[PDB]
Amino acid sequence: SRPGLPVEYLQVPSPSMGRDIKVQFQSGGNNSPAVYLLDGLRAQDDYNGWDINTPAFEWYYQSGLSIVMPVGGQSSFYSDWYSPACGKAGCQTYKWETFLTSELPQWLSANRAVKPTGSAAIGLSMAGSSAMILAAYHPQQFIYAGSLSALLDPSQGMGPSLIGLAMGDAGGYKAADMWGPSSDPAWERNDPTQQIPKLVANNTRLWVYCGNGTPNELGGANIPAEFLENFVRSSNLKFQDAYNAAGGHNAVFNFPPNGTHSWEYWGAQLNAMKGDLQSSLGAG
């Protein structure tokens, strides 16, 4: 149903960020695997864009999988920032890696019986690289990573620069506060293409999607959505080449001759990945 599902709005304390993080949540059942649905660049502080734009909880009710949607973190790249995340409206502490890899799984396990290991992380936009990085450095916790329309080589060439422009545009943040100047090692640490050997070694299940910038009847036919998607697609095709070349063998590569940087396309992916998640995480 859309109304009528056991969807919760959790207030999860984050010691490292100094506030309570809101978390939209739907249990899978006790000891169910978790699917963390990470939000895009312009993540709002009230509801996660997955909830807003898709019937995600509805699609995943009774699938055997807990759906976890952290709320907030516009421009955070779900990372632990070097410095305070200061933007238009003010400053906040961004320690999202810490929260997603210790604070939240521990609270979800203690308070909701969500299995803390063997999870998937799925993100779109800024969060697609985040998902792969979560898995790269925390493979016990994240055994599956989905990346929808992300820039997968953010440390290379014009990427540090483009990322800074995006962050400016979404909230008025500064990339330097996050990962420092582009010379800082944090750039390569958080670049999924540079972390391929870790993904490969950990045999992480990858679901990698990117459209080609051509909308279809599904919609999303606006210039920004089209330009954005076409733009991030080269990093995606290179990732695929590098992954295979490094001996990668547990990924789905979805690069259709359509799709724009829009929720019509992303929602479709999340719907299409449900049986793959169930098999890979052990739902039922």
# chains A, B, ... in the order shown; residues from 1 in each chain; ligands from 1

call {"tool": "residues_around", "arguments": {"residues": "residue 195 (chain A)", "least_positions_apart": "5", "cutoff": "9 Å", "atoms": "only C-alpha atoms", "output": "ChimeraX atom specification"}}
result
/A:132-133,136-137,188-190,200

call {"tool": "write_last_selection", "arguments": {"atoms": "N, CA, C and O atoms", "output": "PDB file, in the first residue's frame"}}
result
ATOM      1  N   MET A 132      30.418   2.784  -3.412  1.00  0.00           N
ATOM      2  CA  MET A 132      31.540   1.927  -3.725  1.00  0.00           C
ATOM      3  C   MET A 132      32.674   2.130  -2.711  1.00  0.00           C
ATOM      4  O   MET A 132      33.347   1.179  -2.377  1.00  0.00           O
ATOM      5  N   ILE A 133      32.858   3.363  -2.277  1.00  0.00           N
ATOM      6  CA  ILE A 133      33.894   3.602  -1.275  1.00  0.00           C
ATOM      7  C   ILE A 133      33.524   2.996   0.064  1.00  0.00           C
ATOM      8  O   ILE A 133      34.401   2.561   0.794  1.00  0.00           O
ATOM      9  N   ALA A 136      34.498  -0.502  -0.459  1.00  0.00           N
ATOM     10  CA  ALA A 136      35.959  -0.645  -0.618  1.00  0.00           C
ATOM     11  C   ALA A 136      36.707  -0.726   0.706  1.00  0.00           C
ATOM     12  O   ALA A 136      37.626  -1.544   0.826  1.00  0.00           O
ATOM     13  N   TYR A 137      36.339   0.150   1.627  1.00  0.00           N
ATOM     14  CA  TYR A 137      36.984   0.225   2.928  1.00  0.00           C
ATOM     15  C   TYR A 137      36.262  -0.541   4.030  1.00  0.00           C
ATOM     16  O   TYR A 137      36.843  -0.822   5.095  1.00  0.00           O
ATOM     17  N   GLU A 188      42.159  10.599  -3.817  1.00  0.00           N
ATOM     18  CA  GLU A 188      42.353   9.257  -4.364  1.00  0.00           C
ATOM     19  C   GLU A 188      41.760   8.199  -3.437  1.00  0.00           C
ATOM     20  O   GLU A 188      41.229   7.163  -3.880  1.00  0.00           O
ATOM     21  N   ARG A 189      41.795   8.450  -2.110  1.00  0.00           N
ATOM     22  CA  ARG A 189      41.161   7.525  -1.195  1.00  0.00           C
ATOM     23  C   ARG A 189      39.681   7.332  -1.551  1.00  0.00           C
ATOM     24  O   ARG A 189      39.157   6.245  -1.422  1.00  0.00           O
ATOM     25  N   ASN A 190      38.996   8.420  -1.947  1.00  0.00           N
ATOM     26  CA  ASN A 190      37.555   8.398  -2.150  1.00  0.00           C
ATOM     27  C   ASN A 190      37.138   8.299  -3.614  1.00  0.00           C
ATOM     28  O   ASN A 190      36.005   8.635  -3.970  1.00  0.00           O
ATOM     29  N   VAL A 200      37.728  -5.524  -6.178  1.00  0.00           N
ATOM     30  CA  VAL A 200      37.956  -6.788  -6.855  1.00  0.00           C
ATOM     31  C   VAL A 200      38.339  -7.869  -5.842  1.00  0.00           C
ATOM     32  O   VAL A 200      37.863  -8.980  -5.923  1.00  0.00           O
TER      33      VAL A 200
END

call {"tool": "closest_atom_pairs", "arguments": {"of": "region 74-146 of chain A", "to": "region 5-25 of chain A", "cutoff": "12 Å", "atoms": "only C-alpha atoms", "output": "JSON lines"}}
result
{"residue": "A:79", "atom": "CA", "partner": "A:17", "partner_atom": "CA", "distance": 11.8}
{"residue": "A:80", "atom": "CA", "partner": "A:16", "partner_atom": "CA", "distance": 9.6}
{"residue": "A:81", "atom": "CA", "partner": "A:17", "partner_atom": "CA", "distance": 10.5}
{"residue": "A:83", "atom": "CA", "partner": "A:17", "partner_atom": "CA", "distance": 11.6}
{"residue": "A:84", "atom": "CA", "partner": "A:17", "partner_atom": "CA", "distance": 9.7}
{"residue": "A:85", "atom": "CA", "partner": "A:17", "partner_atom": "CA", "distance": 10.4}
{"residue": "A:91", "atom": "CA", "partner": "A:17", "partner_atom": "CA", "distance": 11.2}
{"residue": "A:92", "atom": "CA", "partner": "A:17", "partner_atom": "CA", "distance": 7.6}
{"residue": "A:93", "atom": "CA", "partner": "A:17", "partner_atom": "CA", "distance": 4.9}
{"residue": "A:94", "atom": "CA", "partner": "A:17", "partner_atom": "CA", "distance": 6.1}
{"residue": "A:95", "atom": "CA", "partner": "A:17", "partner_atom": "CA", "distance": 5.9}
{"residue": "A:96", "atom": "CA", "partner": "A:17", "partner_atom": "CA", "distance": 8.1}
{"residue": "A:97", "atom": "CA", "partner": "A:16", "partner_atom": "CA", "distance": 10.1}
{"residue": "A:98", "atom": "CA", "partner": "A:16", "partner_atom": "CA", "distance": 7.4}
{"residue": "A:99", "atom": "CA", "partner": "A:14", "partner_atom": "CA", "distance": 6.5}
{"residue": "A:100", "atom": "CA", "partner": "A:14", "partner_atom": "CA", "distance": 9.8}
{"residue": "A:101", "atom": "CA", "partner": "A:14", "partner_atom": "CA", "distance": 11.6}
{"residue": "A:102", "atom": "CA", "partner": "A:14", "partner_atom": "CA", "distance": 9.8}
{"residue": "A:103", "atom": "CA", "partner": "A:14", "partner_atom": "CA", "distance": 6.4}
{"residue": "A:104", "atom": "CA", "partner": "A:12", "partner_atom": "CA", "distance": 7.1}
{"residue": "A:105", "atom": "CA", "partner": "A:12", "partner_atom": "CA", "distance": 10.3}
{"residue": "A:106", "atom": "CA", "partner": "A:12", "partner_atom": "CA", "distance": 10.4}
{"residue": "A:107", "atom": "CA", "partner": "A:12", "partner_atom": "CA", "distance": 7.3}
{"residue": "A:108", "atom": "CA", "partner": "A:12", "partner_atom": "CA", "distance": 8.8}
{"residue": "A:110", "atom": "CA", "partner": "A:12", "partner_atom": "CA", "distance": 11.6}
{"residue": "A:111", "atom": "CA", "partner": "A:12", "partner_atom": "CA", "distance": 10.1}
{"residue": "A:112", "atom": "CA", "partner": "A:25", "partner_atom": "CA", "distance": 9.7}
{"residue": "A:114", "atom": "CA", "partner": "A:25", "partner_atom": "CA", "distance": 10.6}

call {"tool": "atom_distance", "arguments": {"atom1": "CA of residue 268 (chain A)", "atom2": "CA of residue 117 (chain A)"}}
result
26.3 Å

call {"tool": "closest_residue", "arguments": {"among": "A:208, A:253, A:265, A:113", "to": "residue 226 (chain A)", "atoms": "only C-alpha atoms"}}
result
A:265

call {"tool": "residues_around", "arguments": {"residues": "residue 266 (chain A)", "least_positions_apart": "3", "cutoff": "8 Å", "atoms": "only C-alpha atoms", "output": "number ranges by chain"}}
result
A: 124, 148, 262-263, 269-270

call {"tool": "closest_residue", "arguments": {"among": "A:166, A:272, A:143, A:251", "to": "residue 74 (chain A)", "atoms": "only C-alpha atoms"}}
result
A:166

call {"tool": "atom_distance", "arguments": {"atom1": "CA of residue 168 (chain A)", "atom2": "CA of residue 87 (chain A)"}}
result
8.1 Å

call {"tool": "residues_around", "arguments": {"residues": "residue 162 (chain A)", "least_positions_apart": "3", "cutoff": "12 Å", "atoms": "only C-alpha atoms", "output": "ChimeraX atom specification"}}
result
/A:126,151,153-159,165-169,174-175,182,228,231-232

call {"tool": "residues_around", "arguments": {"residues": "region 44-58 of chain A", "least_positions_apart": "6", "cutoff": "7 Å", "atoms": "only C-alpha atoms", "output": "MDAnalysis selection string"}}
result
chainID A and resid 1:2 26 67 69:72 74 263 267
